[PDB]
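Below is one structure, written out as structure tokens; the observations come after it.
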Protein chains: 4
Amino acid sequence: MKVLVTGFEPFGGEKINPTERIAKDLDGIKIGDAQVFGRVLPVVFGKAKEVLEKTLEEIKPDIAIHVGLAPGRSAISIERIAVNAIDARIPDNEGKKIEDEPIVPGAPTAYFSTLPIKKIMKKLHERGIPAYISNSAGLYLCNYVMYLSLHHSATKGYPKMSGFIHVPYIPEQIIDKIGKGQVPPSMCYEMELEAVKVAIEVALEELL
Amino acid sequence: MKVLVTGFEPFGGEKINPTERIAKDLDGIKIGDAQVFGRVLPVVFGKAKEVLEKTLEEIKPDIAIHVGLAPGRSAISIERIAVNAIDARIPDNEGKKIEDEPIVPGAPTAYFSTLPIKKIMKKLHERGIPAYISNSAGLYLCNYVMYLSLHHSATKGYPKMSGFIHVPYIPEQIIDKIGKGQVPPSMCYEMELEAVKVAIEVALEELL
Amino acid sequence: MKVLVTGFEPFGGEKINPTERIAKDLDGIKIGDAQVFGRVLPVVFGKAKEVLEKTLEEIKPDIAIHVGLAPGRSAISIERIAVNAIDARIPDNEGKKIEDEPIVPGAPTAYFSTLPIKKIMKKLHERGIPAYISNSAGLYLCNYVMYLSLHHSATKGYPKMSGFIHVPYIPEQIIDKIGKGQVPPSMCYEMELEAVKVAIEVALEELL
Amino acid sequence: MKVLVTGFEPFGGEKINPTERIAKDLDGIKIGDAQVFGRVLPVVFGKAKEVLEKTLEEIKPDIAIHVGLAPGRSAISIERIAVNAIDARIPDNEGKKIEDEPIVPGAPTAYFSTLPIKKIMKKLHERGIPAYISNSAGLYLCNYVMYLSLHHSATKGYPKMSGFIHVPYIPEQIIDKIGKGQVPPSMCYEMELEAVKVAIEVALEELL
């Protein structure tokens with residue numbers, strides 16, 4: 001079984017993106033008898049599409065789990081829906097901000113995630129990791145690769161399971177926000193990584 | 001040097017109070033050449049006073065650091081001010097809810113904490129633990145023992161440093177709140193404990 | 001031109017639902033040369049479908065604008081997407097709580113709103129009403145009638161514009177939450193009503 | 001009876017401060033047989049002290065009610081405690097940021113407000129204005145003039161009642177925050193003004 005786990009580079013503002021570390025730390029491990037690959041996507045619409053599609057073609061994973069930073073979220077959120085729209089608030093890392101374009105013209109308005117989101121959520125709860133299901137992943141790069149991946153699954157037949165997991169800030173990112181008079185929630189890195197490993201394990205146990 | 005660290009039992013609602021574990025885990029350790037004592041206070045106004053004063057008389061600590069659960073707070077907060085008032089929203093664990101009584105009649109309206117709160121905060125930041133200074137500790141038991149302790153310091157001469165540290169929920173407490181449609185912030189236990197150890201260490205380095 | 005505006009009864013918990021008053025106050029008025037009808041839907045899955053479809057068949061509105069209470073939201077939110085799923089957290093007013101059922105089996109996963117959401121939003125801003133575009137309407141009755149309505153638009157050809165507007169609590173609903181130690185955001189009723197009238201007016205100015 | 005009501009100019013950032021309008025609108029009115037004066041204080045430590053003391057000496061009010069903007073608060077908050085400390089996060093309007101200075105050296109650590117805060121709060125609730133008692137007013141200018149005023153009351157004998165009321169943003173201030181991806185709570189101006197008039201009326205009904 002191959003599993004692709006992606007993460008992103010530092011989105012605008014942040015100096016660190018914990019999903020870049022989760023991708024690198026899971027690269028090359030084996031969970032059960034499944035090889036796990038970990039790749040870090042650019043936060044550039046276009047280039048991220050190019051890279052995501054080469055990686056999908058090249059590895060042909062059975063399960064792809066895309067992970068991103070959700071600033072200000074307080075628990076792990078498992079994404080339910082990806083939607084066919086880009087309405088970027090911030091610019092991407094090249095400086096382009098896209099207001100209301102579709103991702104794939106004429107492709108469906110939305111795709112539901114194919115990961116077993118409620119079993120992933122229940123198992124995370126059993127391990128004491130607070131987690132919930134979110135119904136919107138945003139309309140910037142996190143939703144763009146979540147849509148592109150489930151579109152690829154519908155079109156080409158693989159990956160067989162695709163989905164997105166958003167993670168809080170890790171504590172070390174909070175301490176310079178304190179300075180600007182704000183203290184957003186955080187989760188420690190080790191719980192974040194453990195969470196996307198539990199996700200890979202219950203996706204594998206479902207996927208035959 | 002003796003250091004008293006207190007924590008509380010489960011306040012109404014909660015099944016677990018992480019400050020009870022912080023008190024037990026620090027009891028009997030030695031940081032440098034300072035003995036640390038750890039005691040767990042009842043969440044009953046009156047009985048908590050009785051126990052706090054016996055413990056203070058019996059150990060005569062140089063530094064007392066009182067620690068409590070601040071549900072919904074997202075980082076470590078170091079308390080600046082204790083005030084002479086009780087205006088309990090919840091009842092204490094015996095069932096008495098006190099609306100607008102002073103703690104010590106005719107004693108000052110407020111005491112500033114004597115811990116070096118800004119150095120504690122800066123060092124926590126250096127260790128990547130998000131922390132800030134809070135200006136109100138509530139007016140239920142957390143503020144009651146914070147006031148009683150700094151009053152004892154002013155009256156009897158010891159402890160020489162007194163202060164209060166409030167800690168977030170720990171992740172395992174968040175997962176049944178998710179059920180009632182809510183996900184409050186959390187901090188992992190090990191960061192909480194490390195944080196009150198760093199507090200003890202920079203209070204000791206100041207206190208001669 | 002006929003405009004249907006709906007609102008709901010008190011959802012579970014609340015004693016008042018301001019969208020019930022907005023529906024009654026707009027019933028029978030004329031904006032320009034457009035007749036406005038206002039109806040109040042039950043908060044019961046099934047019955048709400050039945051009533052919505054009779055009302056749509058009977059009035060055959062050119063524009064339908066469905067309005068609901070979004071507890072805890074701080075500004076007017078104009079909904080972008082309705083999705084084909086029900087995952088009720090609370091039970092509906094008859095006591096049935098539905099976990100993961102589609103609304104219309106085999107109908108699309110999502111429908112984008114057909115109201116001119118960015119022009120409605122810009123005009124609200126010009127009148128000083130804080131408003132933003134939300135990308136998830138929930139998966140309980142607010143999203144159920146938003147989906148059913150845009151499905152009817154796609155299937156039967158009318159209404160020609162359909163959409164959903166969520167409104168904050170009104171101040172009089174906040175004052176007993178204060179009691180349970182919480183103060184959620186609110187918006188005054190008159191601004192809420194003015195806001196769905198401005199929505200009707202820029203939908204009418206677009207719709208030929 | 002004379003009543004002084006103050007408000008402030010635009011603090012750093014904001015282009016508008018609603019408490020400046022509340023001060024101007026109440027200036028010169030009479031509530032019962034009480035003349036009301038309304039003055040707008042500079043947001044400059046030092047100059048605000050100078051102006052506050054001249055105004056207090058010149059009008060010799062029986063009741064002073066100081067009002068300020070509390071960004072992000074969702075209801076009216078009636079301040080319980082003023083504390084003798086300045087620890088400015090933002091600079092004041094001249095550019096000085098003060099970290100840990102007392103307001104009046106050797107004067108008490110805190111003063112409780114002398115307004116009948118719980119009767120003001122109960123009456124606001126009766127008029128459906130959401131309101132609560134806050135236990136910290138900050139440690140920048142809002143707390144500085146609240147401390148200076150209750151100090152003057154204790155020292156010189158007048159004003160006989162002194163207190164501070166913080167108000168939410170008004171809706172027109174929220175709409176450019178929406179742009180920076182945020183929508184803080186708001187309250188409409190007319191409810192804010194009505195709220196400090198109700199405060200003046202129950203303070204007058206108490207004050208003999």
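Please note that chains go A, B, ... in the order of the structure tokens, that every chain numbers its residues from 1, and that ligands are numbered from 1 in the order shown.
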Please, which residues of chain B lie no more than 10 Å from chain A when the count uses only C-alpha atoms, and can they be set out as a PyMOL selection string?
chain B and resi 72-76+122+124-132+168+170-179+181-188+190-191
Please produce an output containing N, CA and C atoms for each residue in the selection, written as an mmCIF file, in the first residue's frame.
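The resulting file, out-v1.cif, is reproduced below:
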```
data_model
loop_
_atom_site.group_PDB
_atom_site.id
_atom_site.type_symbol
_atom_site.label_atom_id
_atom_site.label_comp_id
_atom_site.auth_asym_id
_atom_site.auth_seq_id
_atom_site.Cartn_x
_atom_site.Cartn_y
_atom_site.Cartn_z
ATOM 1 N N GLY B 72 -10.540 27.418 29.129
ATOM 2 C CA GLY B 72 -10.762 28.275 28.020
ATOM 3 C C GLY B 72 -9.608 29.172 27.845
ATOM 4 N N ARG B 73 -8.581 29.170 28.676
ATOM 5 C CA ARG B 73 -7.486 30.092 28.397
ATOM 6 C C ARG B 73 -6.578 29.284 27.466
ATOM 7 N N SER B 74 -5.845 29.946 26.587
ATOM 8 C CA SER B 74 -5.065 29.269 25.606
ATOM 9 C C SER B 74 -3.575 29.257 25.878
ATOM 10 N N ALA B 75 -3.095 29.885 26.948
ATOM 11 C CA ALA B 75 -1.678 29.916 27.185
ATOM 12 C C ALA B 75 -1.547 29.973 28.686
ATOM 13 N N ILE B 76 -0.315 29.929 29.173
ATOM 14 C CA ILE B 76 -0.056 30.036 30.606
ATOM 15 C C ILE B 76 -0.319 31.525 30.983
ATOM 16 N N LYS B 122 9.197 36.109 30.397
ATOM 17 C CA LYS B 122 10.246 36.100 29.375
ATOM 18 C C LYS B 122 10.972 34.743 29.239
ATOM 19 N N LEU B 124 9.722 31.672 30.068
ATOM 20 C CA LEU B 124 8.748 30.774 29.457
ATOM 21 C C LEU B 124 8.807 30.984 27.961
ATOM 22 N N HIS B 125 8.813 32.231 27.497
ATOM 23 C CA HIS B 125 8.917 32.482 26.068
ATOM 24 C C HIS B 125 10.161 31.933 25.453
ATOM 25 N N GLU B 126 11.275 32.056 26.152
ATOM 26 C CA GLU B 126 12.515 31.497 25.670
ATOM 27 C C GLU B 126 12.467 29.993 25.518
ATOM 28 N N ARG B 127 11.745 29.295 26.382
ATOM 29 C CA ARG B 127 11.541 27.862 26.259
ATOM 30 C C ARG B 127 10.383 27.511 25.284
ATOM 31 N N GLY B 128 9.863 28.484 24.515
ATOM 32 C CA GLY B 128 8.746 28.286 23.613
ATOM 33 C C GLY B 128 7.473 27.945 24.357
ATOM 34 N N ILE B 129 7.205 28.355 25.592
ATOM 35 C CA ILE B 129 5.928 28.063 26.191
ATOM 36 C C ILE B 129 5.185 29.376 26.061
ATOM 37 N N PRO B 130 4.060 29.481 25.321
ATOM 38 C CA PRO B 130 3.260 30.706 25.263
ATOM 39 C C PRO B 130 2.711 31.010 26.657
ATOM 40 N N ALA B 131 2.882 32.266 27.060
ATOM 41 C CA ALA B 131 2.548 32.711 28.425
ATOM 42 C C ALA B 131 2.247 34.161 28.391
ATOM 43 N N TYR B 132 1.337 34.654 29.196
ATOM 44 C CA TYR B 132 1.158 36.111 29.232
ATOM 45 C C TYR B 132 0.781 36.515 30.662
ATOM 46 N N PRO B 168 -4.194 26.290 30.956
ATOM 47 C CA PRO B 168 -5.271 25.837 30.117
ATOM 48 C C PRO B 168 -5.810 24.487 30.525
ATOM 49 N N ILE B 170 -6.048 20.495 29.808
ATOM 50 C CA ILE B 170 -5.115 19.633 29.061
ATOM 51 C C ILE B 170 -5.948 18.891 27.999
ATOM 52 N N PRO B 171 -5.438 18.456 26.850
ATOM 53 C CA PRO B 171 -6.187 17.901 25.730
ATOM 54 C C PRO B 171 -7.180 16.853 26.131
ATOM 55 N N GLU B 172 -6.855 15.898 26.988
ATOM 56 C CA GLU B 172 -7.817 14.892 27.394
ATOM 57 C C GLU B 172 -9.078 15.437 28.037
ATOM 58 N N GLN B 173 -9.111 16.679 28.486
ATOM 59 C CA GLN B 173 -10.318 17.255 29.065
ATOM 60 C C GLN B 173 -11.215 17.813 27.939
ATOM 61 N N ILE B 174 -10.648 18.232 26.801
ATOM 62 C CA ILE B 174 -11.369 18.812 25.683
ATOM 63 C C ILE B 174 -12.243 17.791 25.013
ATOM 64 N N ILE B 175 -11.965 16.487 25.076
ATOM 65 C CA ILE B 175 -12.652 15.674 24.113
ATOM 66 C C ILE B 175 -14.113 15.472 24.510
ATOM 67 N N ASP B 176 -14.614 15.648 25.725
ATOM 68 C CA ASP B 176 -16.061 15.512 25.916
ATOM 69 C C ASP B 176 -16.741 16.859 25.764
ATOM 70 N N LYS B 177 -16.019 17.939 25.633
ATOM 71 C CA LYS B 177 -16.645 19.217 25.407
ATOM 72 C C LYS B 177 -17.003 19.238 23.931
ATOM 73 N N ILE B 178 -16.213 18.570 23.078
ATOM 74 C CA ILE B 178 -16.430 18.501 21.631
ATOM 75 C C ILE B 178 -17.845 18.036 21.372
ATOM 76 N N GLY B 179 -18.235 17.035 22.163
ATOM 77 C CA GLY B 179 -19.593 16.508 22.184
ATOM 78 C C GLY B 179 -20.678 17.599 22.343
ATOM 79 N N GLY B 181 -20.856 20.390 21.299
ATOM 80 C CA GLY B 181 -20.612 21.349 20.273
ATOM 81 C C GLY B 181 -19.592 22.364 20.713
ATOM 82 N N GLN B 182 -18.588 22.038 21.554
ATOM 83 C CA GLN B 182 -17.508 22.997 21.741
ATOM 84 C C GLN B 182 -16.107 22.476 21.945
ATOM 85 N N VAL B 183 -15.141 23.180 21.325
ATOM 86 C CA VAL B 183 -13.735 22.831 21.428
ATOM 87 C C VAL B 183 -12.856 24.005 21.943
ATOM 88 N N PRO B 184 -12.815 24.121 23.293
ATOM 89 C CA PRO B 184 -11.965 25.096 23.988
ATOM 90 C C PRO B 184 -10.494 24.790 23.787
ATOM 91 N N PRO B 185 -9.592 25.753 23.854
ATOM 92 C CA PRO B 185 -8.145 25.546 23.781
ATOM 93 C C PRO B 185 -7.533 24.604 24.828
ATOM 94 N N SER B 186 -6.320 24.036 24.612
ATOM 95 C CA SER B 186 -5.740 23.140 25.588
ATOM 96 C C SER B 186 -4.248 23.264 25.451
ATOM 97 N N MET B 187 -3.557 22.724 26.449
ATOM 98 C CA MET B 187 -2.092 22.778 26.408
ATOM 99 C C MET B 187 -1.646 21.423 26.933
ATOM 100 N N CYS B 188 -0.592 20.769 26.426
ATOM 101 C CA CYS B 188 -0.361 19.449 26.987
ATOM 102 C C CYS B 188 0.296 19.518 28.343
ATOM 103 N N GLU B 190 2.626 18.122 29.957
ATOM 104 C CA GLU B 190 4.061 18.216 30.106
ATOM 105 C C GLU B 190 4.523 19.639 29.914
ATOM 106 N N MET B 191 3.853 20.467 29.118
ATOM 107 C CA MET B 191 4.247 21.859 28.953
ATOM 108 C C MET B 191 3.781 22.660 30.161
#
```
Residues near residue D:61, cut-off 12 Å, only C-alpha atoms, skip fewer than 3 positions along chain, as JSON, numbers by chain
{"D": [1, 2, 3, 4, 5, 6, 34, 35, 36, 37, 38, 52, 53, 54, 55, 56, 57, 58, 64, 65, 149, 152, 153, 156, 157, 158, 159, 160, 161, 162, 204, 207]}
Please, could you write that set of residues out with C-alpha atoms as a short mmCIF file (atom, residue, chain, number, x, y, z; two decimals), in the first residue's frame?
```cif
data_model
loop_
_atom_site.label_atom_id
_atom_site.label_comp_id
_atom_site.auth_asym_id
_atom_site.auth_seq_id
_atom_site.Cartn_x
_atom_site.Cartn_y
_atom_site.Cartn_z
CA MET D 1 -26.55 67.69 40.81
CA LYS D 2 -23.82 67.89 38.21
CA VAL D 3 -22.75 64.72 36.33
CA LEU D 4 -19.46 64.64 34.34
CA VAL D 5 -19.40 62.07 31.52
CA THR D 6 -16.06 61.77 29.69
CA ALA D 34 -29.24 67.16 37.09
CA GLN D 35 -27.13 69.03 34.64
CA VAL D 36 -24.87 66.68 32.59
CA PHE D 37 -21.47 67.86 31.23
CA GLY D 38 -19.64 65.88 28.63
CA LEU D 52 -9.18 65.37 34.03
CA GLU D 53 -8.13 67.27 37.10
CA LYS D 54 -8.97 70.74 35.73
CA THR D 55 -12.36 69.42 34.64
CA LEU D 56 -12.99 67.88 38.02
CA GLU D 57 -11.94 71.05 39.88
CA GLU D 58 -13.91 73.33 37.56
CA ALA D 64 -18.38 61.23 37.22
CA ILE D 65 -18.83 58.38 34.65
CA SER D 149 -10.93 59.82 39.33
CA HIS D 152 -9.66 62.34 43.56
CA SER D 153 -12.87 61.15 45.10
CA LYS D 156 -10.76 65.69 47.77
CA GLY D 157 -14.26 64.33 48.70
CA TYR D 158 -15.74 64.80 45.23
CA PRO D 159 -16.95 63.30 42.88
CA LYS D 160 -19.09 61.33 45.27
CA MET D 161 -19.58 58.46 42.75
CA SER D 162 -16.98 57.52 40.11
CA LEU D 204 -28.59 59.84 40.36
CA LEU D 207 -26.88 59.56 45.14
#
```
Step one, run DSSP on the backbone; step two, keep only residues of stretch 74-168 of chain A assigned to helix (DSSP H, G or I); then write them as a ChimeraX atom specification.
/A:117-126,141-156
Can you list, as a PDB file with N, CA, C and O atoms, in the first residue's frame, all residues belonging to stretch 11-133 of chain A that DSSP tags as strand (DSSP E or B)?
```pdb
ATOM      1  N   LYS A  30       7.028   3.027   7.620  1.00  0.00           N
ATOM      2  CA  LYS A  30       6.159   2.005   7.150  1.00  0.00           C
ATOM      3  C   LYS A  30       5.240   1.799   8.302  1.00  0.00           C
ATOM      4  O   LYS A  30       5.655   1.759   9.450  1.00  0.00           O
ATOM      5  N   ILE A  31       3.960   1.749   8.015  1.00  0.00           N
ATOM      6  CA  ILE A  31       2.985   1.579   9.063  1.00  0.00           C
ATOM      7  C   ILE A  31       2.355   0.307   8.594  1.00  0.00           C
ATOM      8  O   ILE A  31       1.823   0.211   7.480  1.00  0.00           O
ATOM      9  N   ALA A  34       2.686  -0.793   4.864  1.00  0.00           N
ATOM     10  CA  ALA A  34       2.395   0.264   3.937  1.00  0.00           C
ATOM     11  C   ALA A  34       3.559   1.177   3.913  1.00  0.00           C
ATOM     12  O   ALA A  34       4.047   1.563   4.977  1.00  0.00           O
ATOM     13  N   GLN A  35       4.049   1.529   2.766  1.00  0.00           N
ATOM     14  CA  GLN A  35       5.116   2.498   2.709  1.00  0.00           C
ATOM     15  C   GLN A  35       4.476   3.887   2.808  1.00  0.00           C
ATOM     16  O   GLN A  35       3.423   4.080   2.206  1.00  0.00           O
ATOM     17  N   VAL A  36       5.050   4.884   3.494  1.00  0.00           N
ATOM     18  CA  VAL A  36       4.479   6.200   3.594  1.00  0.00           C
ATOM     19  C   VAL A  36       5.423   7.126   2.878  1.00  0.00           C
ATOM     20  O   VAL A  36       6.631   7.011   3.037  1.00  0.00           O
ATOM     21  N   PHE A  37       4.960   8.064   2.068  1.00  0.00           N
ATOM     22  CA  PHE A  37       5.829   9.006   1.384  1.00  0.00           C
ATOM     23  C   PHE A  37       5.427  10.339   1.961  1.00  0.00           C
ATOM     24  O   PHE A  37       4.261  10.465   2.327  1.00  0.00           O
ATOM     25  N   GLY A  38       6.291  11.346   2.011  1.00  0.00           N
ATOM     26  CA  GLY A  38       5.930  12.595   2.603  1.00  0.00           C
ATOM     27  C   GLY A  38       6.452  13.643   1.689  1.00  0.00           C
ATOM     28  O   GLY A  38       7.628  13.553   1.363  1.00  0.00           O
ATOM     29  N   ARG A  39       5.672  14.608   1.236  1.00  0.00           N
ATOM     30  CA  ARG A  39       6.184  15.598   0.315  1.00  0.00           C
ATOM     31  C   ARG A  39       5.662  16.939   0.756  1.00  0.00           C
ATOM     32  O   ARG A  39       4.600  17.047   1.351  1.00  0.00           O
ATOM     33  N   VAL A  40       6.360  17.997   0.452  1.00  0.00           N
ATOM     34  CA  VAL A  40       6.013  19.320   0.896  1.00  0.00           C
ATOM     35  C   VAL A  40       5.671  20.091  -0.366  1.00  0.00           C
ATOM     36  O   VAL A  40       6.503  20.231  -1.274  1.00  0.00           O
ATOM     37  N   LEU A  41       4.438  20.580  -0.436  1.00  0.00           N
ATOM     38  CA  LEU A  41       3.927  21.361  -1.551  1.00  0.00           C
ATOM     39  C   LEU A  41       4.300  22.845  -1.414  1.00  0.00           C
ATOM     40  O   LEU A  41       4.372  23.340  -0.279  1.00  0.00           O
ATOM     41  N   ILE A  63      -3.809   5.953  -0.707  1.00  0.00           N
ATOM     42  CA  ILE A  63      -4.391   6.856   0.272  1.00  0.00           C
ATOM     43  C   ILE A  63      -3.570   8.108   0.179  1.00  0.00           C
ATOM     44  O   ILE A  63      -2.346   7.964   0.151  1.00  0.00           O
ATOM     45  N   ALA A  64      -4.151   9.284  -0.006  1.00  0.00           N
ATOM     46  CA  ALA A  64      -3.388  10.516   0.079  1.00  0.00           C
ATOM     47  C   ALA A  64      -4.033  11.301   1.209  1.00  0.00           C
ATOM     48  O   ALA A  64      -5.245  11.234   1.406  1.00  0.00           O
ATOM     49  N   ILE A  65      -3.238  11.913   2.106  1.00  0.00           N
ATOM     50  CA  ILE A  65      -3.730  12.670   3.274  1.00  0.00           C
ATOM     51  C   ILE A  65      -2.967  13.967   3.202  1.00  0.00           C
ATOM     52  O   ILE A  65      -1.732  14.001   3.129  1.00  0.00           O
ATOM     53  N   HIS A  66      -3.705  15.064   3.021  1.00  0.00           N
ATOM     54  CA  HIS A  66      -3.038  16.330   2.839  1.00  0.00           C
ATOM     55  C   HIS A  66      -3.207  17.064   4.141  1.00  0.00           C
ATOM     56  O   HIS A  66      -4.256  16.921   4.778  1.00  0.00           O
ATOM     57  N   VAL A  67      -2.186  17.792   4.607  1.00  0.00           N
ATOM     58  CA  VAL A  67      -2.224  18.325   5.956  1.00  0.00           C
ATOM     59  C   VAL A  67      -1.889  19.794   5.816  1.00  0.00           C
ATOM     60  O   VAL A  67      -1.042  20.151   4.998  1.00  0.00           O
ATOM     61  N   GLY A  68      -2.557  20.654   6.588  1.00  0.00           N
ATOM     62  CA  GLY A  68      -2.249  22.073   6.549  1.00  0.00           C
ATOM     63  C   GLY A  68      -2.499  22.730   7.889  1.00  0.00           C
ATOM     64  O   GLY A  68      -3.212  22.180   8.733  1.00  0.00           O
ATOM     65  N   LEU A  69      -1.956  23.930   8.023  1.00  0.00           N
ATOM     66  CA  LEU A  69      -1.951  24.760   9.203  1.00  0.00           C
ATOM     67  C   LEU A  69      -3.255  25.501   9.165  1.00  0.00           C
ATOM     68  O   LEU A  69      -3.517  26.180   8.171  1.00  0.00           O
ATOM     69  N   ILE A  76      -7.576  19.270  16.201  1.00  0.00           N
ATOM     70  CA  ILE A  76      -7.335  18.707  14.884  1.00  0.00           C
ATOM     71  C   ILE A  76      -8.680  18.787  14.131  1.00  0.00           C
ATOM     72  O   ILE A  76      -9.716  18.409  14.714  1.00  0.00           O
ATOM     73  N   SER A  77      -8.730  19.265  12.897  1.00  0.00           N
ATOM     74  CA  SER A  77      -9.996  19.247  12.188  1.00  0.00           C
ATOM     75  C   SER A  77      -9.830  18.417  10.925  1.00  0.00           C
ATOM     76  O   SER A  77      -8.887  18.510  10.115  1.00  0.00           O
ATOM     77  N   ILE A  78     -10.752  17.481  10.825  1.00  0.00           N
ATOM     78  CA  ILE A  78     -10.806  16.610   9.649  1.00  0.00           C
ATOM     79  C   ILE A  78     -11.849  17.236   8.683  1.00  0.00           C
ATOM     80  O   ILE A  78     -13.035  17.365   9.060  1.00  0.00           O
ATOM     81  N   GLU A  79     -11.383  17.622   7.497  1.00  0.00           N
ATOM     82  CA  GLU A  79     -12.200  18.260   6.491  1.00  0.00           C
ATOM     83  C   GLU A  79     -13.221  17.372   5.758  1.00  0.00           C
ATOM     84  O   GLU A  79     -12.875  16.318   5.213  1.00  0.00           O
ATOM     85  N   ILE A  81     -15.431  18.492   3.038  1.00  0.00           N
ATOM     86  CA  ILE A  81     -15.868  18.898   1.745  1.00  0.00           C
ATOM     87  C   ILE A  81     -14.790  19.734   1.159  1.00  0.00           C
ATOM     88  O   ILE A  81     -14.248  20.535   1.894  1.00  0.00           O
ATOM     89  N   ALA A  82     -14.538  19.552  -0.125  1.00  0.00           N
ATOM     90  CA  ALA A  82     -13.635  20.416  -0.825  1.00  0.00           C
ATOM     91  C   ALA A  82     -14.501  21.134  -1.842  1.00  0.00           C
ATOM     92  O   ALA A  82     -15.413  20.468  -2.373  1.00  0.00           O
ATOM     93  N   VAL A  83     -14.328  22.418  -2.173  1.00  0.00           N
ATOM     94  CA  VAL A  83     -15.241  22.999  -3.100  1.00  0.00           C
ATOM     95  C   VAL A  83     -14.484  23.594  -4.257  1.00  0.00           C
ATOM     96  O   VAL A  83     -13.343  24.030  -4.123  1.00  0.00           O
ATOM     97  N   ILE A  86     -11.771  29.281  -5.736  1.00  0.00           N
ATOM     98  CA  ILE A  86     -10.612  29.865  -5.129  1.00  0.00           C
ATOM     99  C   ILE A  86     -11.038  31.261  -4.740  1.00  0.00           C
ATOM    100  O   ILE A  86     -11.505  31.978  -5.624  1.00  0.00           O
ATOM    101  N   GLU A 101     -12.444  32.298  -8.810  1.00  0.00           N
ATOM    102  CA  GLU A 101     -12.156  31.540 -10.000  1.00  0.00           C
ATOM    103  C   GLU A 101     -12.583  30.133  -9.624  1.00  0.00           C
ATOM    104  O   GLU A 101     -12.503  29.816  -8.446  1.00  0.00           O
ATOM    105  N   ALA A 110     -18.522  20.334  -5.582  1.00  0.00           N
ATOM    106  CA  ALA A 110     -17.810  19.896  -4.412  1.00  0.00           C
ATOM    107  C   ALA A 110     -17.610  18.415  -4.440  1.00  0.00           C
ATOM    108  O   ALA A 110     -18.397  17.710  -5.035  1.00  0.00           O
ATOM    109  N   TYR A 111     -16.597  17.986  -3.671  1.00  0.00           N
ATOM    110  CA  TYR A 111     -16.337  16.566  -3.459  1.00  0.00           C
ATOM    111  C   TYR A 111     -16.334  16.323  -1.992  1.00  0.00           C
ATOM    112  O   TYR A 111     -15.809  17.142  -1.238  1.00  0.00           O
ATOM    113  N   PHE A 112     -16.970  15.302  -1.538  1.00  0.00           N
ATOM    114  CA  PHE A 112     -16.856  14.895  -0.171  1.00  0.00           C
ATOM    115  C   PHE A 112     -15.535  14.146   0.041  1.00  0.00           C
ATOM    116  O   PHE A 112     -15.079  13.445  -0.860  1.00  0.00           O
ATOM    117  N   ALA A 131     -10.262  16.465  18.424  1.00  0.00           N
ATOM    118  CA  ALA A 131     -10.390  16.491  16.963  1.00  0.00           C
ATOM    119  C   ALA A 131     -11.850  16.698  16.610  1.00  0.00           C
ATOM    120  O   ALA A 131     -12.712  16.197  17.356  1.00  0.00           O
ATOM    121  N   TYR A 132     -12.142  17.372  15.524  1.00  0.00           N
ATOM    122  CA  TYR A 132     -13.529  17.465  15.117  1.00  0.00           C
ATOM    123  C   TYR A 132     -13.612  17.516  13.589  1.00  0.00           C
ATOM    124  O   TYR A 132     -12.583  17.705  12.911  1.00  0.00           O
ATOM    125  N   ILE A 133     -14.813  17.397  13.014  1.00  0.00           N
ATOM    126  CA  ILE A 133     -14.952  17.456  11.574  1.00  0.00           C
ATOM    127  C   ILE A 133     -15.327  18.865  11.168  1.00  0.00           C
ATOM    128  O   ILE A 133     -16.231  19.435  11.730  1.00  0.00           O
TER     129      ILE A 133
END
```
Atom-to-atom span, atom CA of residue C:196 and atom CA of residue C:143, Å:
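Here the two named atoms are 17.7 Å from each other.
Picture a line from atom CA of residue B:195 to atom CA of residue B:21; it runs 13.4 Å.
The space separating atom CA of residue A:46 from atom CA of residue A:137 comes to 18.4 Å.
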Can you tell me which residues surround residue C:120 at a distance of at most 8 Å, considering only C-alpha atoms, apart from same-chain residues fewer than 4 positions away, and format the answer as a PyMOL selection string?
chain C and resi 116+124+198-199+202-203
